[PDB]
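Colleague: Before I ask anything, here is the structure I am working with.
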Amino acid sequence: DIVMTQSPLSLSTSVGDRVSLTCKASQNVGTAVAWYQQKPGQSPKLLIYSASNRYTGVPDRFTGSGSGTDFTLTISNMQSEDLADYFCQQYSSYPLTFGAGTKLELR
Amino acid sequence: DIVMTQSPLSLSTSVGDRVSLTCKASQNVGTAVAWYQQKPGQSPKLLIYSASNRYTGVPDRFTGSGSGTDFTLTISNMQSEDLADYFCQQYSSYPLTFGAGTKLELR
Amino acid sequence: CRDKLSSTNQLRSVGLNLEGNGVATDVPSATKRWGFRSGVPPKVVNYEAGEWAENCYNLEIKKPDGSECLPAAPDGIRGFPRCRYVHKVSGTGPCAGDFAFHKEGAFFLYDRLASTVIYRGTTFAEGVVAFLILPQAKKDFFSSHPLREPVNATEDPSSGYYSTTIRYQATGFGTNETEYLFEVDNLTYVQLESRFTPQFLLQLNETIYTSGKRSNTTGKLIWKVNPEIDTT
Amino acid sequence: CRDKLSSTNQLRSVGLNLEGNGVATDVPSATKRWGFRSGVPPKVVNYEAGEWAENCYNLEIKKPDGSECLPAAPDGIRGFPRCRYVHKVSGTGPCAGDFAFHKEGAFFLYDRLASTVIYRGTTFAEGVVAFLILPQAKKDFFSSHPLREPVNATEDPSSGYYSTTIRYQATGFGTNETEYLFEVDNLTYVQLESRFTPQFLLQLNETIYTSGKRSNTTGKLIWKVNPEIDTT
Amino acid sequence: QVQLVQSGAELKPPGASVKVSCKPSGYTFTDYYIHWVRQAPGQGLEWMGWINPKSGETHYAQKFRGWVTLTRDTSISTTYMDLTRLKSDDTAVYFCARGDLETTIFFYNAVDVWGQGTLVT
Amino acid sequence: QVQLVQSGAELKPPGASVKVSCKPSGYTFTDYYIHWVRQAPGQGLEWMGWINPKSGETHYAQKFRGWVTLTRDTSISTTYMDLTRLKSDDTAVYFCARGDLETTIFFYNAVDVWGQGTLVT
Amino acid sequence: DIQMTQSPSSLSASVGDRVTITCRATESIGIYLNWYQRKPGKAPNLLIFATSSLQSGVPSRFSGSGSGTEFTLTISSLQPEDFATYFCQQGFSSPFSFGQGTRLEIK
Amino acid sequence: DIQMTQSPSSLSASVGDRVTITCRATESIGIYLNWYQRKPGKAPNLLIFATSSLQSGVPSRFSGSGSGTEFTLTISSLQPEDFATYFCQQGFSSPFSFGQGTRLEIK
Amino acid sequence: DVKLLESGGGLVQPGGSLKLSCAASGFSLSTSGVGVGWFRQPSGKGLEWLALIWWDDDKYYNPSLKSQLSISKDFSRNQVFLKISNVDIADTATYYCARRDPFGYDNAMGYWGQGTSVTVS
Amino acid sequence: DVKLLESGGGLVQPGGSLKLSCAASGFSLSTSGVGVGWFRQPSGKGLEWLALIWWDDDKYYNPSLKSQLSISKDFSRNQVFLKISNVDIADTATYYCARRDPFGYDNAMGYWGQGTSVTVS
């Protein structure tokens with residue numbers, strides 16, 4: 001029904017860089033989205049409830065942003081241990097989809 | 001309850017005399033009365049329905065008159081064969097009573 | 001109709017109103033459904049109770065020979081269920097039968113009692129006998145049912161069963177021989193089988209009673225009911 | 001209770017509504033009165049017919065083990081008497097008993113049939129079996145009674161029995177273990193045992209449905225019913 | 001199965017009594033109304049009235065002639081339609097129809113289960 | 001007057017069968033539910049389930065042990081609580097309570113009309 | 001003393017015929033009366049319950065109903081046993097008179 | 001498997017005493033259970049119909065009612081036959097367990 | 001023409017009783033037509049008793065006179081009666097009853113019937 | 001903490017079937033809490049299947065895939081199953097199911113469980 005995109009996997013960072021991520025969708029989702037992240041060798045964990053709210057145990061660097069066809073994730077600062085593949089999703093249609101995962105190089 | 005009087009038994013007449021009779025009562029009867037007559041050696045017959053109306057087979061000489069405490073009987077003309085004791089009554093109370101009978105002498 | 005439970009399973013136990021068939025009467029049509037019988041023995045029914053209803057009757061009937069056609073006067077208690085109005089009706093025609101039996105299965109009921117025969121005096125709502133009920137519903141359902149219905153009675157029966165008359169005059173009897181003069185305050189009116197229930201008659205006790213009344217005390221009013229008079 | 005006529009005298013023959021005891025339910029309180037039994041054989045009743053009523057139920061219940069707790073599915077005809085509204089209710093808790101028996105004497109009836117046990121699907125008005133009636137009243141009284149009541153039915157049942165729902169969710173079972181979510185259009189609401197009958201719920205299908213609605217399609221609405229929300 | 005067994009026919013010679021037995025079998029002796037019907041040969045049935053065997057009451061139509069009462073010993077399976085003042089100027093075949101005692105009376109005039117009959121001359 | 005006459009007591013010696021007669025009198029043989037209850041001496045009654053003699057169905061509680069079925073010849077006045085795998089590690093006195101067959105079941109657990117019983121050891 | 005008039009007078013008949021019989025009360029009754037039929041040389045058998053319901057063991061062919069003074073028996077598809085004489089017993093009251101009327105014959 | 005708990009435990013007693021006995025269901029039932037009583041050395045006799053109505057031929061002294069999990073037998077004016085052991089049979093469902101409880105004694 | 005008829009009658013010892021009576025030949029006595037008048041004393045003096053007889057209510061014109069009188073009627077025959085008692089010798093008369101057809105509420109009951117001869121000694 | 005668990009599993013011949021499954025240890029599976037997510041392919045590429053599982057309605061995220069799959073659940077045990085059939089070799093993965101507690105209508109089902117190793121040959 002609806003498709004989604006996300007900023008590219010190949011991003012690069014250094015510690016303390018404020019960063020943000022974005023995604024796009026083919027429909028105006030309103031606020032019905034969520035973000036999550038996963039690290040290799042590990043099960044994924046959810047990050048952003050709705051368009052902005054965050055899940056329990058999420059670091060204080062993280063909040064969601066945007067609406068409709070455009071959303072972003074604000075991450076204050078960077079830490080090397082916080083690298084993960086990051087994702088986002090519309091809940092407005094089925095099948096549900098995720099934006100391509102992204103991660104930042106420590107460079 | 002109510003009492004009644006009638007003109008005296010001793011009246012005198014000659015043929016063709018117009019005559020009338022009267023009665024009185026101790027209460028205002030309205031129109032609830034009747035008159036009758038009887039001849040000796042004979043059962044009585046009714047004469048006047050209500051205060052004025054007459055019973056079937058009554059001669060055309062006869063109609064009732066008056067109301068309340070005072071009533072009269074008009075009899076046009078006289079015939080010797082029409083002598084009878086004449087009477088009247090209130091129907092407004094019980095016991096019902098009749099005025100004294102009256103008759104006219106052929107003199 | 002033995003089925004499985006007809007034999008001894010408990011059944012309970014109240015009269016039901018025959019008016020559920022849309023039945024209403026002009027008064028003689030009610031007697032049309034009953035008449036009298038016959039030297040056959042009378043039968044009675046025991047009830048827990050029976051239904052309150054707007055329409056019921058009180059009776060005494062007479063014979064021209066002075067007998068006078070009395071319906072039996074049973075020693076059963078003679079109170080009866082509330083009824084919004086009742087019509088006492090009385091006088092001859094005669095009872096050739098020795099009792100006033102129903103022809104309709106119309107049990108005549110009062111005080112949780114009923115019979116196949118009309119009795120002298122107290123009102124006879126007419127009906128059929130309910131049978132059923134869980135044996136323990138007596139502690140539940142019966143609180144609103146006629147056994148305890150007086151507990152749950154409203155005060156409106158005071159405008160209800162209180163509003164009744166005893167004045168009908170049953171002159172003659174049967175469909176080929178009767179008339180129903182209606183008394184008011186020693187006044188009478190021509191029967192009107194085209195009109196029903198004393199509320200109509202109440203107008204006569206408030207209107208023709210107000211004027212066109214027996215101001216003349218020579219006797220009970222015999223109003224002449226012209227169909228024009230009935231209409232207006 | 002043999003009396004004189006219990007043995008074979010004809011009796012007739014319709015179901016009567018249990019609500020005459022002022023009974024009403026929040027849904028689980030109805031099941032509180034029934035539950036299930038027990039490997040004891042089921043019993044059935046044959047009727048001429050039974051009463052139309054505003055409140056009746058359709059059922060399917062499930063077991064967590066996939067059995068799923070089905071009530072028997074009898075081969076009797078499954079039409080049922082008109083009922084202004086019915087509540088289909090469904091899902092687990094489980095049937096430890098092998099059938100959904102009443103505890104109240106609540107015969108479950110449809111199509112002039114009733115039973116001591118609830119069956120799968122078609123609505124079960126609950127009631128007791130009338131017994132009585134003159135054998136010939138069938139040509140008279142029965143014309144308005146449920147056998148011919150469809151002949152004398154008004155057109156108002158179209159606003160009547162038509163107005164029903166099937167959306168209740170029976171989560172869990174018994175007084176210590178159940179909840180009744182109410183679906184609307186793949187929306188759900190917290191159960192309200194303090195409110196009764198879908199007209200209330202209809203407001204939710206016309207108001208909270210209009211706004212405060214599942215604009216978010218992530219899943220069925222689970223409205224949080226705050227007592228303030230219930231109040232307003 | 002009710003079988004109201006009955007007495008044989010006899011010629012009259014008027015002034016005769018002639019009880020007529022009506023002995024049931026297959027039935028509790030006092031549990032149904034007992035009859036009491038008769039007809040001249042060549043004639044429709046005459047109701048004779050009936051009896052309530054539980055109490056023995058006469059009911060009551062032939063009392064008009066006064067010709068009949070019934071013997072009702074409750075310890076035996078029969079009753080007798082005792083007759084008096086019997087005359088040869090009114091021949092008949094007596095019969096014993098059965099009613100439905102201990103019920104509300106919606107009758108249902110008694111069924112002529114019996115049958116046979118007793119001619120008298 | 002129902003009288004469910006019953007078999008005499010016996011010592012075990014385990015693995016025994018031991019049918020237990022329960023022979024009614026004063027009753028149509030198949031018109032009431034038949035029992036089927038037992039207790040260890042010194043113990044409260046154990047329900048054993050019951051049988052519908054009209055059809056012979058087991059109902060059904062002791063099938064859990066599987067120890068009992070009943071012989072139900074309908075041409076005779078008795079039934080037998082056939083027992084199997086009887087053991088002396090569970091002594092009991094068997095009894096035959098009576099139910100109310102051919103009625104809607106509002107029961108009314110069966111009355112222990114009988115009584116007597118059959119001790120086993 | 002309501003007489004139980006009955007008609008038709010005896011009739012010729014044949015098998016498969018459909019016929020009716022009626023009773024006329026001397027006075028309207030509106031209440032049950034019962035019918036009987038008999039083999040010649042035999043006592044009558046109740047044919048129909050006084051309430052116009054068939055006596056048990058009576059064939060479906062038998063029918064009939066009524067009200068007031070009129071009660072009408074019906075029979076459809078006559079069979080040889082149906083040539084029995086039919087009757088109108090008084091039913092509901094004393095004296096319980098017995099009506100008489102048609103029987104069927106062929107020649 | 002609803003147990004039929006019963007109390008009081010056996011009690012001392014004397015003639016003319018009024019007592020009560022109660023059963024406690026393991027789970028609420030709201031439905032009939034029946035009571036029995038027995039002479040020592042004898043089978044129990046039904047004492048009360050499961051619907052809290054006395055068994056036929058039971059003395060008027062016997063009483064009792066209940067709902068839910070609670071059912072209470074009552075007896076007034078004890079008599080020597082009342083020292084029979086009393087019981088709480090399960091009534092309404094399988095397995096039909098049998099409760100046990102007080103009997104009366106004097107010493 | 002209806003003939004009002006009178007019967008009584010004749011000599012009565014004083015302080016005695018007499019059921020004085022009348023009848024309406026050729027008449028359909030009914031509640032229709034209201035009622036009948038009642039005997040007046042033709043002896044005079046003047047007018048005496050009238051009765052307020054209604055088919056459902058005998059009424060007394062002058063209730064003080066009830067010490068000697070009471071009134072009743074028969075509808076099986078067109079007849080009416082007077083329960084004379086304690087006779088006053090002053091009351092002897094031929095006594096005329098009368099029955100005019102009522103004029104609705106105006107019940108003007110004339111239509112005198114046959115005389116009788118009431119006397120005392 | 002509820003542990004979402006996974007079972008399956010292991011090698012499957014292509015075109016075969018597998019009832020892939022999960023369980024929620026320490027969890028009260030109920031209609032409360034809505035439902036469970038369903039396996040996503042960790043192999044990548046990227047994201048794959050989620051299931052719209054409601055306690056009363058298994059729904060398919062992408063019904064075209066039903067040619068290989070169907071879904072069912074057990075509430076007697078906290079378990080859910082996948083009816084894999086007609087296996088595509090491209091679908092091998094360790095497959096993560098997930099069960100986040102719903103946020104009412106916002107059924108954001110994260111909370112991934114244990115991996116399994118689905119393989120084919």
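By convention here, the chains of the structure tokens are called A, B, ... in the order presented, each chain's residues are numbered starting at 1, and ligands are numbered starting at 1 in the order presented.
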Compile the contact shell of residue 79 of chain A as a ChimeraX atom specification: residues with an atom at most 10 Å away, counting only C-alpha atoms, same-chain residues fewer than 6 positions apart removed.
Modeller: /A:13-18,106
Colleague: Quick one: write out the picked residues with C-alpha atoms as a compact mmCIF listing (two decimals), in the first residue's frame?
Modeller:
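Here's the written file result_14.txt:
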# COMPACT_ATOMS: atom_id res chain seq x y z
CA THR A 13 30.51 10.10 12.31
CA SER A 14 32.83 10.92 15.17
CA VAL A 15 32.04 11.08 18.88
CA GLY A 16 29.84 13.93 20.07
CA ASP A 17 28.49 14.74 16.60
CA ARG A 18 24.88 15.73 16.75
CA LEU A 106 33.49 5.93 13.08
Colleague: Excluding residue 70 of chain F and its own-chain neighbours fewer than 3 positions away, which residues fall within 12 Å of it when counting only C-alpha atoms? Please give them as number ranges by chain.
Modeller: F: 18-22, 34-36, 48-53, 55-60, 62-63, 66-67, 73-74, 78-84
Colleague: Leaving out residue 117 of chain I and any residue of its chain fewer than 3 positions from it, which residues lie within 7 Å of it when counting only C-alpha atoms, given as a CSV table (one decimal) with N, CA, C and O atoms, in the first residue's frame?
Modeller:
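What ended up in selection36.csv:
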chain,number,residue,atom,x,y,z
I,9,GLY,N,-110.1,-10.0,49.2
I,9,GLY,CA,-111.0,-8.8,49.4
I,9,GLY,C,-112.2,-9.2,50.2
I,9,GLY,O,-112.3,-10.3,50.7
I,10,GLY,N,-113.1,-8.3,50.3
I,10,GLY,CA,-114.3,-8.5,51.1
I,10,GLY,C,-114.1,-8.2,52.6
I,10,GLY,O,-113.2,-7.4,52.9
I,93,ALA,N,-113.0,0.7,51.7
I,93,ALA,CA,-113.3,1.3,50.5
I,93,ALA,C,-113.3,0.3,49.4
I,93,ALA,O,-112.9,-0.8,49.5
I,94,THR,N,-113.8,0.7,48.2
I,94,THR,CA,-113.7,-0.2,47.1
I,94,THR,C,-112.3,-0.2,46.5
I,94,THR,O,-112.0,-1.1,45.7
Colleague: Skipping near chain neighbours, those fewer than 6 positions away, what residues fall within 8 Å of residue 13 of chain I using only C-alpha atoms, listed as a PyMOL selection string?
Modeller: chain I and resi 87+120-121
Colleague: Could you list, as a ChimeraX atom specification, every residue within 10 Å of residue 66 of chain A, counting only C-alpha atoms and ignoring same-chain residues fewer than 4 positions away?
Modeller: /A:22-23,30-31,51-52,70-73
Colleague: Pull the closest atom pair for each residue of chain D that gets at most 12 Å from chain C, along with the distance in Å to one decimal, counting only C-alpha atoms, ordering rows by chain and then ascending residue number, as a Markdown table.
Modeller:
| residue | atom | partner | partner_atom | distance |
| --- | --- | --- | --- | --- |
| D:1 | CA | C:8 | CA | 4.4 |
| D:2 | CA | C:8 | CA | 4.8 |
| D:3 | CA | C:8 | CA | 8.4 |
| D:4 | CA | C:45 | CA | 9.5 |
| D:5 | CA | C:6 | CA | 9.3 |
| D:6 | CA | C:6 | CA | 5.6 |
| D:7 | CA | C:7 | CA | 6.1 |
| D:8 | CA | C:1 | CA | 4.4 |
| D:9 | CA | C:1 | CA | 6.0 |
| D:10 | CA | C:1 | CA | 5.2 |
| D:11 | CA | C:1 | CA | 6.8 |
| D:12 | CA | C:131 | CA | 9.4 |
| D:13 | CA | C:131 | CA | 9.9 |
| D:14 | CA | C:132 | CA | 10.5 |
| D:15 | CA | C:132 | CA | 10.1 |
| D:16 | CA | C:133 | CA | 9.8 |
| D:17 | CA | C:141 | CA | 11.4 |
| D:18 | CA | C:141 | CA | 8.7 |
| D:19 | CA | C:141 | CA | 9.3 |
| D:20 | CA | C:141 | CA | 7.0 |
| D:21 | CA | C:141 | CA | 4.8 |
| D:22 | CA | C:141 | CA | 8.4 |
| D:23 | CA | C:141 | CA | 9.7 |
| D:43 | CA | C:4 | CA | 10.6 |
| D:44 | CA | C:4 | CA | 10.5 |
| D:45 | CA | C:3 | CA | 9.5 |
| D:46 | CA | C:3 | CA | 9.4 |
| D:47 | CA | C:3 | CA | 11.3 |
| D:103 | CA | C:134 | CA | 11.2 |
| D:104 | CA | C:134 | CA | 8.2 |
| D:105 | CA | C:134 | CA | 6.4 |
| D:106 | CA | C:134 | CA | 9.1 |
| D:107 | CA | C:134 | CA | 10.6 |
| D:127 | CA | C:133 | CA | 9.6 |
| D:128 | CA | C:133 | CA | 6.5 |
| D:129 | CA | C:132 | CA | 6.1 |
| D:130 | CA | C:132 | CA | 5.6 |
| D:131 | CA | C:131 | CA | 4.8 |
| D:132 | CA | C:130 | CA | 5.6 |
| D:133 | CA | C:128 | CA | 6.5 |
| D:134 | CA | C:105 | CA | 6.4 |
| D:135 | CA | C:105 | CA | 9.5 |
| D:136 | CA | C:104 | CA | 9.3 |
| D:137 | CA | C:21 | CA | 9.0 |
| D:138 | CA | C:21 | CA | 10.7 |
| D:139 | CA | C:21 | CA | 10.4 |
| D:140 | CA | C:21 | CA | 6.7 |
| D:141 | CA | C:21 | CA | 4.8 |
| D:142 | CA | C:21 | CA | 8.1 |
| D:143 | CA | C:21 | CA | 8.1 |
| D:144 | CA | C:21 | CA | 7.2 |
| D:145 | CA | C:21 | CA | 8.8 |
| D:149 | CA | C:21 | CA | 11.9 |
Colleague: Just how far from atom CA of residue 38 of chain C is atom CA of residue 120 of chain E, in Å to one decimal?
Modeller: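 These two atoms are separated by 29.6 Å.
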Colleague: Name the residues of chain G that come out as strand (DSSP E or B) in a backbone DSSP run; write them as a VMD selection string.
Modeller: chain G and resid 4 to 7 11 to 12 19 to 25 34 to 38 45 to 49 53 to 54 62 to 67 70 to 75 85 to 89 98 to 100 104 to 105
Colleague: Please provide chain G as a PDB file with C-alpha atoms, in the first residue's frame, once it has been superposed on chain H by least squares across all sequentially paired Cα atoms.
Modeller:
ATOM      1  CA  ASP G   1     -14.878 -30.264  41.269  1.00  0.00           C
ATOM      2  CA  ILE G   2     -16.668 -27.951  43.637  1.00  0.00           C
ATOM      3  CA  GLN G   3     -16.206 -29.248  47.145  1.00  0.00           C
ATOM      4  CA  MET G   4     -19.124 -29.301  49.515  1.00  0.00           C
ATOM      5  CA  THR G   5     -17.672 -27.792  52.662  1.00  0.00           C
ATOM      6  CA  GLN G   6     -19.912 -28.153  55.651  1.00  0.00           C
ATOM      7  CA  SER G   7     -20.064 -26.772  59.142  1.00  0.00           C
ATOM      8  CA  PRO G   8     -20.638 -26.748  62.149  1.00  0.00           C
ATOM      9  CA  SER G   9     -18.565 -29.739  63.227  1.00  0.00           C
ATOM     10  CA  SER G  10     -20.592 -32.222  65.318  1.00  0.00           C
ATOM     11  CA  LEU G  11     -22.353 -30.660  68.271  1.00  0.00           C
ATOM     12  CA  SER G  12     -23.744 -31.523  71.638  1.00  0.00           C
ATOM     13  CA  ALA G  13     -27.533 -31.145  71.685  1.00  0.00           C
ATOM     14  CA  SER G  14     -30.783 -31.443  73.604  1.00  0.00           C
ATOM     15  CA  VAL G  15     -34.513 -31.550  72.876  1.00  0.00           C
ATOM     16  CA  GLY G  16     -36.258 -28.273  72.011  1.00  0.00           C
ATOM     17  CA  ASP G  17     -33.002 -26.693  70.774  1.00  0.00           C
ATOM     18  CA  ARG G  18     -33.017 -24.615  67.603  1.00  0.00           C
ATOM     19  CA  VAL G  19     -29.953 -25.039  65.386  1.00  0.00           C
ATOM     20  CA  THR G  20     -28.610 -24.243  61.947  1.00  0.00           C
ATOM     21  CA  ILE G  21     -26.184 -25.967  59.576  1.00  0.00           C
ATOM     22  CA  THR G  22     -24.425 -24.456  56.599  1.00  0.00           C
ATOM     23  CA  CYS G  23     -22.711 -25.623  53.423  1.00  0.00           C
ATOM     24  CA  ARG G  24     -19.979 -23.708  51.686  1.00  0.00           C
ATOM     25  CA  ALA G  25     -19.497 -24.274  48.000  1.00  0.00           C
ATOM     26  CA  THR G  26     -15.905 -24.104  46.723  1.00  0.00           C
ATOM     27  CA  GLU G  27     -17.239 -21.842  43.986  1.00  0.00           C
ATOM     28  CA  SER G  28     -20.429 -19.826  43.895  1.00  0.00           C
ATOM     29  CA  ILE G  29     -23.244 -21.722  42.361  1.00  0.00           C
ATOM     30  CA  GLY G  30     -26.601 -19.974  42.970  1.00  0.00           C
ATOM     31  CA  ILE G  31     -28.257 -23.334  42.250  1.00  0.00           C
ATOM     32  CA  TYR G  32     -29.805 -26.152  44.205  1.00  0.00           C
ATOM     33  CA  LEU G  33     -27.949 -28.608  46.523  1.00  0.00           C
ATOM     34  CA  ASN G  34     -29.604 -31.208  48.704  1.00  0.00           C
ATOM     35  CA  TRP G  35     -29.395 -32.298  52.271  1.00  0.00           C
ATOM     36  CA  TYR G  36     -29.647 -35.657  53.878  1.00  0.00           C
ATOM     37  CA  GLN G  37     -29.710 -37.053  57.323  1.00  0.00           C
ATOM     38  CA  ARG G  38     -29.068 -40.443  58.769  1.00  0.00           C
ATOM     39  CA  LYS G  39     -29.629 -42.668  61.689  1.00  0.00           C
ATOM     40  CA  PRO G  40     -26.384 -44.258  62.771  1.00  0.00           C
ATOM     41  CA  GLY G  41     -26.026 -47.672  61.223  1.00  0.00           C
ATOM     42  CA  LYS G  42     -28.352 -46.555  58.370  1.00  0.00           C
ATOM     43  CA  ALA G  43     -28.404 -45.096  54.887  1.00  0.00           C
ATOM     44  CA  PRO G  44     -29.165 -41.334  54.739  1.00  0.00           C
ATOM     45  CA  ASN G  45     -32.597 -40.139  53.962  1.00  0.00           C
ATOM     46  CA  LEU G  46     -33.215 -37.155  51.856  1.00  0.00           C
ATOM     47  CA  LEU G  47     -34.093 -34.425  54.190  1.00  0.00           C
ATOM     48  CA  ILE G  48     -34.684 -31.529  51.937  1.00  0.00           C
ATOM     49  CA  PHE G  49     -35.248 -31.176  48.246  1.00  0.00           C
ATOM     50  CA  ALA G  50     -32.268 -29.560  46.569  1.00  0.00           C
ATOM     51  CA  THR G  51     -34.290 -26.426  45.989  1.00  0.00           C
ATOM     52  CA  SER G  52     -34.657 -25.884  49.742  1.00  0.00           C
ATOM     53  CA  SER G  53     -38.103 -27.392  49.949  1.00  0.00           C
ATOM     54  CA  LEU G  54     -38.716 -30.155  52.428  1.00  0.00           C
ATOM     55  CA  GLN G  55     -38.776 -33.749  51.289  1.00  0.00           C
ATOM     56  CA  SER G  56     -42.230 -35.192  51.593  1.00  0.00           C
ATOM     57  CA  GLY G  57     -43.034 -36.634  55.012  1.00  0.00           C
ATOM     58  CA  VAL G  58     -40.440 -34.353  56.678  1.00  0.00           C
ATOM     59  CA  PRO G  59     -41.658 -32.510  59.835  1.00  0.00           C
ATOM     60  CA  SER G  60     -42.450 -28.795  59.728  1.00  0.00           C
ATOM     61  CA  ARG G  61     -39.585 -28.160  62.136  1.00  0.00           C
ATOM     62  CA  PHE G  62     -37.133 -28.542  59.311  1.00  0.00           C
ATOM     63  CA  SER G  63     -36.178 -25.387  57.408  1.00  0.00           C
ATOM     64  CA  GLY G  64     -33.456 -23.610  55.462  1.00  0.00           C
ATOM     65  CA  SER G  65     -32.443 -21.740  52.317  1.00  0.00           C
ATOM     66  CA  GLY G  66     -29.439 -20.222  50.549  1.00  0.00           C
ATOM     67  CA  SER G  67     -27.697 -18.710  47.516  1.00  0.00           C
ATOM     68  CA  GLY G  68     -24.242 -18.295  46.022  1.00  0.00           C
ATOM     69  CA  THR G  69     -21.815 -20.394  48.022  1.00  0.00           C
ATOM     70  CA  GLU G  70     -23.929 -20.397  51.149  1.00  0.00           C
ATOM     71  CA  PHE G  71     -26.716 -22.701  52.054  1.00  0.00           C
ATOM     72  CA  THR G  72     -28.188 -22.907  55.495  1.00  0.00           C
ATOM     73  CA  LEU G  73     -30.286 -25.711  56.896  1.00  0.00           C
ATOM     74  CA  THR G  74     -32.311 -24.870  59.963  1.00  0.00           C
ATOM     75  CA  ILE G  75     -34.058 -27.013  62.523  1.00  0.00           C
ATOM     76  CA  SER G  76     -36.284 -25.811  65.293  1.00  0.00           C
ATOM     77  CA  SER G  77     -37.449 -27.664  68.376  1.00  0.00           C
ATOM     78  CA  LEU G  78     -35.059 -30.608  68.249  1.00  0.00           C
ATOM     79  CA  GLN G  79     -36.510 -34.030  68.791  1.00  0.00           C
ATOM     80  CA  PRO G  80     -34.583 -37.300  69.466  1.00  0.00           C
ATOM     81  CA  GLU G  81     -34.632 -38.304  65.786  1.00  0.00           C
ATOM     82  CA  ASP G  82     -32.780 -35.095  64.984  1.00  0.00           C
ATOM     83  CA  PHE G  83     -29.504 -36.345  66.275  1.00  0.00           C
ATOM     84  CA  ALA G  84     -29.027 -37.959  62.828  1.00  0.00           C
ATOM     85  CA  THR G  85     -25.877 -36.988  60.956  1.00  0.00           C
ATOM     86  CA  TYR G  86     -26.524 -34.220  58.436  1.00  0.00           C
ATOM     87  CA  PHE G  87     -25.047 -33.804  54.958  1.00  0.00           C
ATOM     88  CA  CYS G  88     -24.469 -31.464  51.995  1.00  0.00           C
ATOM     89  CA  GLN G  89     -24.790 -33.378  48.744  1.00  0.00           C
ATOM     90  CA  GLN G  90     -23.587 -31.507  45.669  1.00  0.00           C
ATOM     91  CA  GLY G  91     -26.873 -31.297  43.829  1.00  0.00           C
ATOM     92  CA  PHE G  92     -26.479 -29.500  40.479  1.00  0.00           C
ATOM     93  CA  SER G  93     -23.219 -30.873  38.973  1.00  0.00           C
ATOM     94  CA  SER G  94     -20.655 -33.543  38.302  1.00  0.00           C
ATOM     95  CA  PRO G  95     -18.852 -35.101  40.083  1.00  0.00           C
ATOM     96  CA  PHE G  96     -21.588 -35.145  42.613  1.00  0.00           C
ATOM     97  CA  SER G  97     -19.509 -34.788  45.740  1.00  0.00           C
ATOM     98  CA  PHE G  98     -21.013 -35.318  49.145  1.00  0.00           C
ATOM     99  CA  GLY G  99     -20.339 -32.919  52.017  1.00  0.00           C
ATOM    100  CA  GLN G 100     -20.061 -34.068  55.632  1.00  0.00           C
ATOM    101  CA  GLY G 101     -20.625 -32.271  58.889  1.00  0.00           C
ATOM    102  CA  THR G 102     -22.402 -32.223  62.226  1.00  0.00           C
ATOM    103  CA  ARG G 103     -24.508 -34.805  63.915  1.00  0.00           C
ATOM    104  CA  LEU G 104     -25.805 -34.345  67.402  1.00  0.00           C
ATOM    105  CA  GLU G 105     -24.973 -36.010  70.712  1.00  0.00           C
ATOM    106  CA  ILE G 106     -25.528 -35.707  74.433  1.00  0.00           C
ATOM    107  CA  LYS G 107     -23.303 -36.852  77.328  1.00  0.00           C
TER     108      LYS G 107
END
Colleague: Would you work out the distance separating atom CA of residue 68 of chain C from atom CA of residue 39 of chain C, expressed in Å to one decimal?
Modeller: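 A separation of 17.0 Å between them.
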Colleague: With a distance cut-off of 7 Å and only C-alpha atoms, select the neighbouring residues of residue 113 of chain E, excluding the residue or stretch itself and same-chain residues fewer than 2 positions from it, and output the selection as a VMD selection string.
Modeller: chain E and resid 97 to 98 111 115
Colleague: Extract, using only C-alpha atoms, all DNA, RNA and protein residues at most 12 Å from residue 232 of chain D, discarding same-chain residues fewer than 3 positions from it, and format them as a list in words.
Modeller: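 After dropping sequence-adjacent residues, the list is residues 200, 203, 204, 207, 208, 225, 226, 227, 228 and 229 of chain D.
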